[PDB]
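Participant: The following block contains the structure, expressed as structure tokens.
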Amino acid sequence: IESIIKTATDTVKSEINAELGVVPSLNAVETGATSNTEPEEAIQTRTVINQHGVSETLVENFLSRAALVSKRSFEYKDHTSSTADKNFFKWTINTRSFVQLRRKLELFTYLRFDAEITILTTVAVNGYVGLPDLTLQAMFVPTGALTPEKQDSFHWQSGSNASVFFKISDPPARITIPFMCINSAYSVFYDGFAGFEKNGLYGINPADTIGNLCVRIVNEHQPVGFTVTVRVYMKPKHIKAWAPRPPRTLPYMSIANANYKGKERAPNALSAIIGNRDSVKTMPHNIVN
Amino acid sequence: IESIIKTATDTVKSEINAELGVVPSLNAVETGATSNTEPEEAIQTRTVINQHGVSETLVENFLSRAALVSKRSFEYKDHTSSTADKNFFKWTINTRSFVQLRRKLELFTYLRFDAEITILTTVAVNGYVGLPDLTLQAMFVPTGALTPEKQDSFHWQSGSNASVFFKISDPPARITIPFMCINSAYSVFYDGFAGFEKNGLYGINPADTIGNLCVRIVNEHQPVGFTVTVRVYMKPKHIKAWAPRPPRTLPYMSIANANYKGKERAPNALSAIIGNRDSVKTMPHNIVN
Amino acid sequence: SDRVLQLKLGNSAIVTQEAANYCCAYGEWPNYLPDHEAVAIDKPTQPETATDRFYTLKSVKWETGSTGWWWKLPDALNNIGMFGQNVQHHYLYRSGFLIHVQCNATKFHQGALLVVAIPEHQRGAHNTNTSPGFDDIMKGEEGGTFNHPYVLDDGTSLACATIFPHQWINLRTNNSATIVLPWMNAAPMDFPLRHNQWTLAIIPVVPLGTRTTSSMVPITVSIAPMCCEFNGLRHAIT
Amino acid sequence: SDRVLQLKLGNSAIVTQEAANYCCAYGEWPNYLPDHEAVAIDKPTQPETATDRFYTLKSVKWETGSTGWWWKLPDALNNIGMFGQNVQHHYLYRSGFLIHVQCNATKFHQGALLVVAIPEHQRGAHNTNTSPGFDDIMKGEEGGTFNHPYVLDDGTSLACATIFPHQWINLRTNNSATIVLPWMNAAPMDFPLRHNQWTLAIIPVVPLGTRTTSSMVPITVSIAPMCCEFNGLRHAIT
Amino acid sequence: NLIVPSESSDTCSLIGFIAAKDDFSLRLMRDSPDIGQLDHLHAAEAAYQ
Amino acid sequence: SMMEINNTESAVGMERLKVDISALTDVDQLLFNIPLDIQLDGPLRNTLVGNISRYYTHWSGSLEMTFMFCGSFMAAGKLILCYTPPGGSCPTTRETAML
Amino acid sequence: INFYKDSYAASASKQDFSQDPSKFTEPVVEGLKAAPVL
Amino acid sequence: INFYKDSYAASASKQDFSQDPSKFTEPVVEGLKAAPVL
Ligand SMILES: COCCn1cc(-c2ccnc3c(NCc4ccc(OC(C)C)cc4)cccc23)cn1
Ligand SMILES: COCCn1cc(-c2ccnc3c(NCc4ccc(OC(C)C)cc4)cccc23)cn1
């Protein structure tokens, strides 16, 4: 039954028992229920009035932290001879590339959230002259819209795409993207295929497609080359979460799938998640005096 | 008995006494009480209505001033050949490194406070080209979280750590950290050992561990080297303080302990805290006309 | 009137005919842990009179060269009687203390002892960067001696030590000191073997002197734990 | 219904799924000594959960030649945990006991144990005029073995031993026995080191037998002191 | 003791489980040391192509 | 969620999630111990309580361990499961752990 | 402080303290006794 | 001015004028007379 829980539960004092037919420490794991044995039933307890808050494990607080989702470096230079990100890049938006954010999200089967996006830009001179205060354009290109082909192509005129223009000397650029799934929640895992034929992608719900992020430098090239790094941070907010999952144990291999190998030896090997001890009777950090 | 005191006490006028059995200037230091002799009892007084406020000696006002807690300089350069803080540093957070803040805090046994943190950054060219407007990342790494190993390691993706990104041209970066002790107050002094074995640290309450501050430059290196200095300031606020202590007299030796040596001669020598005078009858700054 | 005092706790009693009132540290009295401050959820044992009684330590000789003496609490009692047994079998302890210090001499003797209870008396070492070791700190029932009482062995000062709960034994005036200590910790309970809440310090600010025939002038310490509670029963560390 | 039982005392709990009710000796339940029966005027210590908890003894092997086993109370517990410590430091003790006897086997095994609590089981020697000595009586935690269980080693009989508080473990029916013992003495309190109120006796009236492959069939005894009080605190005899 | 007849297996298993009770509380969020990456994942670069 | 109590060499995969018990010919014998440090690598780390707790630094409150016996119906036995509060070495004998 | 027109722009909602752990801890059709459970 | 959600973010609290110096100046069980004090 649903109830409002702001603090951890109190403990009541308890007496000696010795009641026939009452065995609160016995349980039946086969039912699939977790043990209902209370501490007051296992031991004699005192009264404790418990004031510890539980707000820091709220799902909103657990997930609504800004985390790196994308990082791209490209040369800001005259590109006429290059073969390369020619003062712009395109990124196909995903949550799977950086493992710390990926593992937290993959604790759940379904998520509904709005995404707070922070864009941080940094510049370095190619191997010094000072650093230019460049203007950047980020443009969101939804599904079926055309991506830019050049730094100066007319796609950047952004008649109906959302664009943000920001300087390097500004605070990081920030926007919110709404929850935009064609379903009521994102499918964090998808035991299915994307297309009506048999060759479609396994494991990616088509319903969750966000689109492309296109970032250009708006300035014409200078006489000298710079390296520009763009970092994108996502913070989920207004979160609903359904069906908690076993956490990832083996290292991630791919953004595209759940494939696994394990580490070569424990911990987090395929044959042994926990590191070994000499025996089930060995206490590894035993206090001795 | 607790009372609200906004101003220093008034003085009442007093007459001649000569009462048998009443000796208000006699006291008994052995009880451990401080003398209760009032001025009106020691001398004939006038009436004075006293308007002097006492707000500047409030413990909140006495301690809630921003003070330097950490200062680190490192080279911002291409580090491929260096043996060094390679565009980032790690700091183990403590209040003991700068003596002016340390001595004020050590006037008390227990303190509870939130910490207002101000981060000031300055840059100089290595031995001139102008100064770059770099972006920095500070990341708080709590106990048991992994610290970054490189300027560009994936730990900086900060999925659940709190990070602040700030420019050199900004005003100093500022955040508040809550009171985060696992006890109800910090132990400013700790007459105990940190571990269950005998070899643990004396003098540091494990309950007070804050964590690590990790600061990187986010920009790739320029063709030329710079020296970057980061200064961290802490201001305690929302302060409660318990059990006042004898102030430190001898110079501090270590951040890790209360060890002492004294100055080589008075003042603040181990044998003589106050500087000498020729005799107990010598008046050192005697007015003569 | 308040020069005579009787203290009765358990099967033990002390009388003095030459007290100087007594100190209640910070105006508190010892009490048991209330339910709205408790952390450990197991029911505590409260042995009462088995623990809450005077234990007398070994006496120390007051000599003209003495620097003073210290004992750490609970360390000095962790091996004595039923208090020691409860300490050794329980992870967590809590108590106050009653401290009674005894020193008598003739009307021809002079001398003054500062008797001060210091909370969290974290010691420093002299003239080294290395922190004090376990055997420098954990003296047990015998206690320690001050290296540099003038700076309280902590680089502070004896002169300001009166900010702590204290009395004096001034031999002309009184022959005993009494201090009542509440529980004094940042946590509601603690592990008794790795942290000391209080240090008793006895420092001879005025040295013992007389021109009568010399006698041994001992200082004797009696300590009663007050409102003892123990939590987390296991086998004895001992 | 009454084939399942859970017993909870202090930090200890026991469950059985194959009980045969349980015995309350003479219909009594343990209680503390009331003021109108008390003799010793000092305030008792009542350690509660530190003492009033199950202690498990060393198991004994049920073998085809076994004569049976006995343990004397409080003797078998006088060196165990905080009950032992309170015994060793106090002149006087009083308690009840909760006795739980455990023995399981297969559905192909047979055998029957009489589990009987005997008050004042004053032992005789066989074929001598000399009374049993101290080392014949005071076995401690290990207990003893019956010499002549047919006469209870006291020249009486096993056949009439059902006049005492008892249960059976009949391997076909049940795997555990439970007996609750009140305080059973002519005095309100006693010296724990020189008198035993109760003897637990476990006697195999029907021998263990089967035609399956043999396993070790142990008998295990768990005893919880109940409503422990101690008077006359001194140094430990120990 | 573990006691079994001849036709049962002579060796038996326990499975151990752990959970928190509802008096349980967690505080001060940190990066979990259970996961890390030393390099880009496979196909992470291809998101830029 | 299942504890990895049999975190030993020569336990592979699923074998690490169960502990095997045999008939003994000596009384009172130790069967296994469980390291209780959730921060250091051990049987508790890869558990639902373990994994979620390792996103946090501070913790409080009681734990429950449940054991399921998976012998045959004809198998009988009694075990004692002991928790020792900290301060000393892990007990190696039943009459110590029983306290 | 939210002067934006769309409500999804607002700051995070850290106020929902409703829990029902029994949907994961006790998803049995018959609720268990605090008699033996089978 | 405090628009942050967490209350520990607020500016300093310089308003608590309660004092009780007698817990340090006169921690004696019997209060002293303003008769001789012993
Ligand atoms: C558990 O997760 C499965 C569900 N899931 C949600 C997302 C997601 C949704 C919306 N956005 C995202 C983003 N945002 C980049 C961005 C977009 C538009 C911008 O617009 C400006 C150019 C005006 C700026 C930046 C970066 C990374 C991920 C997302 C991905 N998967
Ligand atoms: C009497 O004193 C004993 C108790 N005591 C309190 C503190 C303390 C607490 C919290 N903080 C501190 C800090 N703060 C650095 C900081 C942390 C996190 C940051 O987070 C950003 C990266 C997002 C930024 C800076 C610097 C120095 C000290 C502290 C230390 N000892």
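Numbering starts fresh at 1 for the residues of each chain in the structure tokens, the chains themselves are lettered A, B, ... in the order given, and ligands are numbered from 1 as they appear.
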Would you list which chain F residues are within 12 Å of chain D using only C-alpha atoms, as number ranges by chain?

Facilitator: F: 22-29, 72-85, 93-99

Participant: Only N, CA and C atoms, please: the residues just picked out, written as a PDB file, in the first residue's frame.

Facilitator:
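The resulting file, result_31.pdb, is shown below:
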```pdb
ATOM      1  N   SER F  22      28.075 -30.506   4.099  1.00  0.00           N
ATOM      2  CA  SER F  22      28.197 -31.955   4.198  1.00  0.00           C
ATOM      3  C   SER F  22      28.084 -32.385   5.650  1.00  0.00           C
ATOM      4  N   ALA F  23      27.727 -33.651   5.838  1.00  0.00           N
ATOM      5  CA  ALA F  23      27.772 -34.273   7.155  1.00  0.00           C
ATOM      6  C   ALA F  23      29.194 -34.281   7.699  1.00  0.00           C
ATOM      7  N   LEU F  24      29.340 -33.881   8.950  1.00  0.00           N
ATOM      8  CA  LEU F  24      30.622 -33.837   9.626  1.00  0.00           C
ATOM      9  C   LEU F  24      30.661 -34.878  10.734  1.00  0.00           C
ATOM     10  N   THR F  25      31.865 -35.309  11.081  1.00  0.00           N
ATOM     11  CA  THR F  25      32.066 -36.266  12.159  1.00  0.00           C
ATOM     12  C   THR F  25      32.617 -35.635  13.433  1.00  0.00           C
ATOM     13  N   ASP F  26      32.829 -34.324  13.451  1.00  0.00           N
ATOM     14  CA  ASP F  26      33.197 -33.577  14.647  1.00  0.00           C
ATOM     15  C   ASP F  26      32.084 -32.600  14.988  1.00  0.00           C
ATOM     16  N   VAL F  27      31.880 -32.361  16.283  1.00  0.00           N
ATOM     17  CA  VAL F  27      30.817 -31.457  16.720  1.00  0.00           C
ATOM     18  C   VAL F  27      31.250 -29.992  16.616  1.00  0.00           C
ATOM     19  N   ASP F  28      30.245 -29.109  16.575  1.00  0.00           N
ATOM     20  CA  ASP F  28      30.355 -27.649  16.711  1.00  0.00           C
ATOM     21  C   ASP F  28      31.139 -26.969  15.582  1.00  0.00           C
ATOM     22  N   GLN F  29      31.287 -27.580  14.414  1.00  0.00           N
ATOM     23  CA  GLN F  29      32.234 -27.079  13.418  1.00  0.00           C
ATOM     24  C   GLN F  29      31.761 -25.826  12.677  1.00  0.00           C
ATOM     25  N   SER F  72      17.528 -32.212   0.018  1.00  0.00           N
ATOM     26  CA  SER F  72      16.315 -32.994  -0.195  1.00  0.00           C
ATOM     27  C   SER F  72      15.380 -32.896   1.017  1.00  0.00           C
ATOM     28  N   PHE F  73      14.127 -33.304   0.800  1.00  0.00           N
ATOM     29  CA  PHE F  73      13.132 -33.369   1.869  1.00  0.00           C
ATOM     30  C   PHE F  73      13.582 -34.258   3.026  1.00  0.00           C
ATOM     31  N   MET F  74      14.286 -35.343   2.735  1.00  0.00           N
ATOM     32  CA  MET F  74      14.783 -36.245   3.762  1.00  0.00           C
ATOM     33  C   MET F  74      16.005 -35.719   4.516  1.00  0.00           C
ATOM     34  N   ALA F  75      16.646 -34.651   4.052  1.00  0.00           N
ATOM     35  CA  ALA F  75      17.761 -34.053   4.781  1.00  0.00           C
ATOM     36  C   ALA F  75      17.294 -33.270   6.010  1.00  0.00           C
ATOM     37  N   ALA F  76      17.960 -33.486   7.139  1.00  0.00           N
ATOM     38  CA  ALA F  76      17.696 -32.778   8.385  1.00  0.00           C
ATOM     39  C   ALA F  76      18.958 -32.078   8.877  1.00  0.00           C
ATOM     40  N   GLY F  77      18.777 -31.009   9.655  1.00  0.00           N
ATOM     41  CA  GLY F  77      19.895 -30.362  10.318  1.00  0.00           C
ATOM     42  C   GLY F  77      19.593 -29.088  11.078  1.00  0.00           C
ATOM     43  N   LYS F  78      20.474 -28.700  11.997  1.00  0.00           N
ATOM     44  CA  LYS F  78      20.389 -27.410  12.674  1.00  0.00           C
ATOM     45  C   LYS F  78      21.686 -26.629  12.517  1.00  0.00           C
ATOM     46  N   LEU F  79      21.560 -25.364  12.136  1.00  0.00           N
ATOM     47  CA  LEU F  79      22.670 -24.434  12.022  1.00  0.00           C
ATOM     48  C   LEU F  79      22.495 -23.307  13.031  1.00  0.00           C
ATOM     49  N   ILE F  80      23.606 -22.716  13.452  1.00  0.00           N
ATOM     50  CA  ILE F  80      23.586 -21.457  14.193  1.00  0.00           C
ATOM     51  C   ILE F  80      24.257 -20.369  13.353  1.00  0.00           C
ATOM     52  N   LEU F  81      23.547 -19.262  13.165  1.00  0.00           N
ATOM     53  CA  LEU F  81      24.018 -18.096  12.422  1.00  0.00           C
ATOM     54  C   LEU F  81      24.272 -16.937  13.380  1.00  0.00           C
ATOM     55  N   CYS F  82      25.511 -16.456  13.433  1.00  0.00           N
ATOM     56  CA  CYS F  82      25.934 -15.475  14.427  1.00  0.00           C
ATOM     57  C   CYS F  82      26.405 -14.182  13.772  1.00  0.00           C
ATOM     58  N   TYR F  83      25.937 -13.056  14.296  1.00  0.00           N
ATOM     59  CA  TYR F  83      26.509 -11.740  14.041  1.00  0.00           C
ATOM     60  C   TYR F  83      27.340 -11.257  15.230  1.00  0.00           C
ATOM     61  N   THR F  84      28.613 -10.952  14.982  1.00  0.00           N
ATOM     62  CA  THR F  84      29.507 -10.408  15.998  1.00  0.00           C
ATOM     63  C   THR F  84      29.719  -8.916  15.770  1.00  0.00           C
ATOM     64  N   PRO F  85      29.288  -8.064  16.701  1.00  0.00           N
ATOM     65  CA  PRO F  85      29.634  -6.643  16.629  1.00  0.00           C
ATOM     66  C   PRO F  85      31.134  -6.426  16.609  1.00  0.00           C
ATOM     67  N   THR F  93      35.244 -20.375  16.796  1.00  0.00           N
ATOM     68  CA  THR F  93      34.633 -21.458  17.548  1.00  0.00           C
ATOM     69  C   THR F  93      33.197 -21.088  17.891  1.00  0.00           C
ATOM     70  N   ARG F  94      32.351 -22.109  17.968  1.00  0.00           N
ATOM     71  CA  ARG F  94      30.937 -21.884  18.222  1.00  0.00           C
ATOM     72  C   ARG F  94      30.686 -21.277  19.600  1.00  0.00           C
ATOM     73  N   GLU F  95      31.391 -21.734  20.634  1.00  0.00           N
ATOM     74  CA  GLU F  95      31.141 -21.144  21.942  1.00  0.00           C
ATOM     75  C   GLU F  95      31.643 -19.704  22.071  1.00  0.00           C
ATOM     76  N   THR F  96      32.465 -19.216  21.143  1.00  0.00           N
ATOM     77  CA  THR F  96      32.717 -17.781  21.046  1.00  0.00           C
ATOM     78  C   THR F  96      31.641 -17.062  20.234  1.00  0.00           C
ATOM     79  N   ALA F  97      31.312 -17.570  19.047  1.00  0.00           N
ATOM     80  CA  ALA F  97      30.345 -16.896  18.186  1.00  0.00           C
ATOM     81  C   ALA F  97      28.965 -16.821  18.830  1.00  0.00           C
ATOM     82  N   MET F  98      28.598 -17.854  19.584  1.00  0.00           N
ATOM     83  CA  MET F  98      27.346 -17.939  20.327  1.00  0.00           C
ATOM     84  C   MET F  98      27.084 -16.757  21.267  1.00  0.00           C
ATOM     85  N   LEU F  99      28.123 -16.037  21.689  1.00  0.00           N
ATOM     86  CA  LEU F  99      27.971 -14.893  22.582  1.00  0.00           C
ATOM     87  C   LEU F  99      27.387 -13.651  21.900  1.00  0.00           C
TER      88      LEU F  99
END
```

Participant: Using only C-alpha atoms and all ligand atoms, which residues have at least one atom no more than 6 Å from ligand 1? Output them as an NGL selection string.

Facilitator: :A and (69 or 93-95 or 105 or 115 or 117 or 138-140 or 162-164 or 177 or 186 or 188 or 210 or 213 or 234)

Participant: Using all C-alpha atoms paired in order, least-squares fit chain G onto chain H and give me the moved copy as a short mmCIF file (atom, residue, chain, number, x, y, z; two decimals) with N, CA, C and O atoms, in the first residue's frame.

Facilitator:
```
data_model
loop_
_atom_site.label_atom_id
_atom_site.label_comp_id
_atom_site.auth_asym_id
_atom_site.auth_seq_id
_atom_site.Cartn_x
_atom_site.Cartn_y
_atom_site.Cartn_z
N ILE G 1 17.40 37.60 0.18
CA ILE G 1 17.04 37.01 -1.10
C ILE G 1 17.62 35.60 -1.19
O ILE G 1 18.82 35.42 -1.25
N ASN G 2 16.74 34.60 -1.23
CA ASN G 2 17.13 33.20 -1.35
C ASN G 2 16.09 32.48 -2.21
O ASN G 2 15.01 32.13 -1.73
N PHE G 3 16.43 32.25 -3.47
CA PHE G 3 15.60 31.48 -4.38
C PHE G 3 16.03 30.02 -4.51
O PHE G 3 15.43 29.30 -5.30
N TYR G 4 17.05 29.59 -3.79
CA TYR G 4 17.45 28.18 -3.80
C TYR G 4 16.48 27.31 -2.99
O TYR G 4 15.86 27.75 -2.03
N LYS G 5 16.35 26.05 -3.42
CA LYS G 5 15.42 25.12 -2.79
C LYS G 5 15.92 24.59 -1.44
O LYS G 5 15.12 24.40 -0.53
N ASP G 6 17.21 24.32 -1.31
CA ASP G 6 17.76 23.84 -0.04
C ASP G 6 18.01 25.00 0.93
O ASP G 6 18.58 26.02 0.55
N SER G 7 17.55 24.83 2.17
CA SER G 7 17.64 25.89 3.16
C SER G 7 19.07 26.17 3.63
O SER G 7 19.35 27.27 4.10
N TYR G 8 19.98 25.19 3.54
CA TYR G 8 21.38 25.43 3.90
C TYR G 8 22.08 26.40 2.95
O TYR G 8 23.16 26.89 3.27
N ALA G 9 21.51 26.66 1.78
CA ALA G 9 22.04 27.66 0.86
C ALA G 9 21.91 29.09 1.38
O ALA G 9 22.63 29.96 0.90
N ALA G 10 20.99 29.37 2.31
CA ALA G 10 20.70 30.72 2.76
C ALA G 10 21.95 31.44 3.29
O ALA G 10 22.93 30.83 3.71
N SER G 11 21.87 32.77 3.29
CA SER G 11 22.84 33.65 3.93
C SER G 11 22.90 33.42 5.45
O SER G 11 22.01 32.82 6.06
N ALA G 12 23.96 33.95 6.06
CA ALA G 12 24.28 33.74 7.46
C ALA G 12 23.20 34.26 8.42
O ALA G 12 22.46 35.20 8.13
N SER G 13 23.12 33.60 9.57
CA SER G 13 22.14 33.86 10.63
C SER G 13 22.79 34.58 11.82
O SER G 13 23.25 33.96 12.77
N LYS G 14 22.85 35.91 11.74
CA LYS G 14 23.47 36.75 12.76
C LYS G 14 22.50 37.28 13.83
O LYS G 14 22.66 38.40 14.29
N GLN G 15 21.45 36.54 14.18
CA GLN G 15 20.39 37.08 15.02
C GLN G 15 20.22 36.43 16.39
O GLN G 15 19.32 36.84 17.13
N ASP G 16 21.00 35.41 16.75
CA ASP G 16 20.83 34.69 18.02
C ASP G 16 21.60 35.34 19.18
O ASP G 16 22.75 35.01 19.45
N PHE G 17 20.94 36.25 19.89
CA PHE G 17 21.50 36.95 21.04
C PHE G 17 21.34 36.24 22.40
O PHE G 17 21.60 36.86 23.43
N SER G 18 20.91 34.98 22.45
CA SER G 18 20.87 34.27 23.72
C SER G 18 22.27 33.96 24.24
O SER G 18 23.13 33.52 23.49
N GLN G 19 22.49 34.20 25.52
CA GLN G 19 23.74 33.87 26.20
C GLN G 19 23.42 33.15 27.49
O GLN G 19 22.37 33.36 28.10
N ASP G 20 24.36 32.31 27.93
CA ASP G 20 24.36 31.78 29.29
C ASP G 20 25.79 31.58 29.76
O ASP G 20 26.30 30.45 29.80
N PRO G 21 26.50 32.67 30.08
CA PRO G 21 27.91 32.54 30.50
C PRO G 21 28.11 31.77 31.80
O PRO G 21 29.21 31.27 32.03
N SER G 22 27.10 31.71 32.66
CA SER G 22 27.21 30.95 33.91
C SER G 22 27.56 29.48 33.70
O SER G 22 28.09 28.87 34.62
N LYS G 23 27.28 28.90 32.53
CA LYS G 23 27.74 27.53 32.31
C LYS G 23 29.27 27.42 32.24
O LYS G 23 29.80 26.32 32.39
N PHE G 24 29.98 28.53 32.02
CA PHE G 24 31.43 28.59 32.09
C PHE G 24 31.94 29.37 33.30
O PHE G 24 32.98 29.01 33.84
N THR G 25 31.26 30.43 33.72
CA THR G 25 31.76 31.23 34.83
C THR G 25 31.37 30.70 36.20
O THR G 25 32.10 30.91 37.17
N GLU G 26 30.23 30.02 36.33
CA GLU G 26 29.74 29.58 37.64
C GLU G 26 29.15 28.17 37.56
O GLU G 26 27.98 27.95 37.87
N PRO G 27 29.93 27.18 37.10
CA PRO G 27 29.42 25.81 37.01
C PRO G 27 29.35 25.07 38.35
O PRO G 27 29.58 23.86 38.40
N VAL G 28 29.13 25.78 39.43
CA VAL G 28 29.03 25.19 40.76
C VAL G 28 27.60 24.75 41.03
O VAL G 28 26.63 25.36 40.56
N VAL G 29 27.48 23.68 41.80
CA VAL G 29 26.19 23.09 42.12
C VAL G 29 25.37 24.00 43.04
O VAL G 29 24.15 24.12 42.88
N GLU G 30 26.01 24.66 43.99
CA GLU G 30 25.33 25.66 44.81
C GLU G 30 25.71 27.06 44.35
O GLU G 30 26.89 27.41 44.33
N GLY G 31 24.70 27.84 43.97
CA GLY G 31 24.96 29.19 43.51
C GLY G 31 25.53 30.07 44.61
O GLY G 31 25.17 29.94 45.78
N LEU G 32 26.46 30.94 44.23
CA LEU G 32 27.21 31.73 45.19
C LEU G 32 26.44 32.98 45.60
O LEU G 32 25.62 33.51 44.85
N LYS G 33 26.70 33.43 46.82
CA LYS G 33 26.08 34.65 47.32
C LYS G 33 26.76 35.88 46.76
O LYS G 33 27.99 35.93 46.63
N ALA G 34 25.96 36.89 46.44
CA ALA G 34 26.46 38.25 46.34
C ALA G 34 26.39 38.92 47.71
O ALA G 34 25.31 38.98 48.30
N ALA G 35 27.24 36.99 52.61
CA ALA G 35 28.11 36.07 53.34
C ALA G 35 29.33 35.66 52.52
O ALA G 35 29.29 35.67 51.28
N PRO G 36 30.41 35.29 53.21
CA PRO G 36 31.56 34.69 52.54
C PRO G 36 31.20 33.45 51.74
O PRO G 36 30.34 32.65 52.12
N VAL G 37 31.90 33.28 50.62
CA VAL G 37 31.52 32.30 49.61
C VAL G 37 31.86 30.87 50.03
O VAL G 37 31.21 29.92 49.58
N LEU G 38 32.85 30.67 50.89
CA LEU G 38 32.98 29.38 51.58
C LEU G 38 32.67 29.48 53.07
O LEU G 38 33.36 30.15 53.83
#
```

Participant: Have a look at D:72, D:94, D:8, D:3 and name the one nearest to chain G; count only C-alpha atoms.

Facilitator: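 Checking each candidate against chain G, we get D:3 as the closest.
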
Participant: Using only C-alpha atoms, I'd like every residue of chain E that has an atom within 6 Å of chain A; please write them out as a ChimeraX atom specification.

Facilitator: /E:23,41-42,44,47-48

Participant: Just the residues within 12 Å of residue 34 of chain D, please, counting only C-alpha atoms, with nothing from its chain fewer than 5 positions along; format it as a VMD selection string.

Facilitator: chain D and resid 39 to 40 44 188 to 189 227 229

Participant: Could you please tell me, as a list in words, which residues of chain D have an atom within 9 Å of chain C when using only C-alpha atoms?

Facilitator: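 That gives the following set of residues: residues 10, 11, 42, 43, 44, 45, 46, 47, 48, 49, 50, 81, 82, 85, 86, 89, 233, 234, 235 and 236 of chain D.
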
Participant: Could you pull out all residues of segment 84-228 of chain A with a DSSP call of strand (DSSP E) and give them as number ranges by chain?

Facilitator: A: 88-92, 108-125, 135-141, 163-167, 173-177, 186-187, 212-217, 226-228

Participant: By how many Å are atom CA of residue 132 of chain B and atom 27 (C, counted along the ligand's line) of ligand 2 apart?

Facilitator: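 Calculated distance between atom CA of residue 132 of chain B and atom 27 (C, counted along the ligand's line) of ligand 2 is 27.8 Å.
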
Participant: When you look at residue 153 of chain D with a cut-off of 9 Å (counting only C-alpha atoms), what residues show up, excluding the ones that are within fewer than 5 positions of it in the same chain? I need them as number ranges by chain.

Facilitator: D: 123-126, 146-148

Participant: Tell me which protein, DNA and RNA residues are within 8 Å of residue 140 of chain D, counting only C-alpha atoms, leaving out same-chain ones fewer than 5 positions away, and put them as a PDB file with N, CA, C and O atoms, in the first residue's frame.

Facilitator:
```pdb
ATOM      1  N   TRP D  71      23.373 -32.718  32.259  1.00  0.00           N
ATOM      2  CA  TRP D  71      23.985 -31.432  32.547  1.00  0.00           C
ATOM      3  C   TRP D  71      23.312 -30.831  33.771  1.00  0.00           C
ATOM      4  O   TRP D  71      22.093 -30.908  33.911  1.00  0.00           O
ATOM      5  N   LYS D  72      24.098 -30.215  34.642  1.00  0.00           N
ATOM      6  CA  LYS D  72      23.579 -29.595  35.854  1.00  0.00           C
ATOM      7  C   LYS D  72      23.509 -28.079  35.695  1.00  0.00           C
ATOM      8  O   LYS D  72      24.398 -27.463  35.115  1.00  0.00           O
ATOM      9  N   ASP D  75      25.573 -24.985  36.881  1.00  0.00           N
ATOM     10  CA  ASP D  75      26.956 -25.396  36.634  1.00  0.00           C
ATOM     11  C   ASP D  75      27.396 -25.372  35.167  1.00  0.00           C
ATOM     12  O   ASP D  75      28.462 -24.847  34.840  1.00  0.00           O
ATOM     13  N   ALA D  76      26.597 -25.957  34.273  1.00  0.00           N
ATOM     14  CA  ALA D  76      26.940 -25.982  32.854  1.00  0.00           C
ATOM     15  C   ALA D  76      27.064 -24.589  32.227  1.00  0.00           C
ATOM     16  O   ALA D  76      27.793 -24.429  31.249  1.00  0.00           O
ATOM     17  N   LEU D  77      26.403 -23.572  32.773  1.00  0.00           N
ATOM     18  CA  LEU D  77      26.481 -22.218  32.229  1.00  0.00           C
ATOM     19  C   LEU D  77      27.385 -21.266  33.008  1.00  0.00           C
ATOM     20  O   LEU D  77      27.551 -20.125  32.576  1.00  0.00           O
ATOM     21  N   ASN D  78      27.927 -21.677  34.155  1.00  0.00           N
ATOM     22  CA  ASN D  78      28.668 -20.774  35.035  1.00  0.00           C
ATOM     23  C   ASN D  78      29.922 -20.166  34.408  1.00  0.00           C
ATOM     24  O   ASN D  78      30.460 -19.209  34.966  1.00  0.00           O
TER      25      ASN D  78
END
```

Participant: For a quick test of understanding: name the residues of chain E lying within 12 Å of chain G when counting only C-alpha atoms, and present them as JSON, numbers by chain.

Facilitator: {"E": [19, 20, 21, 22]}

Participant: Taking the backbone alone, and naming residues the way the document does, which bits of segment 14-213 of chain D are helix (DSSP H, G or I) by DSSP, as JSON, numbers by chain?

Facilitator: {"D": [25, 26, 27, 48, 49, 50, 75, 76, 77, 81, 82, 83, 84, 85, 86, 87, 88, 89, 134, 135, 136, 137, 140, 141, 142, 149, 150, 151, 161, 162, 163]}
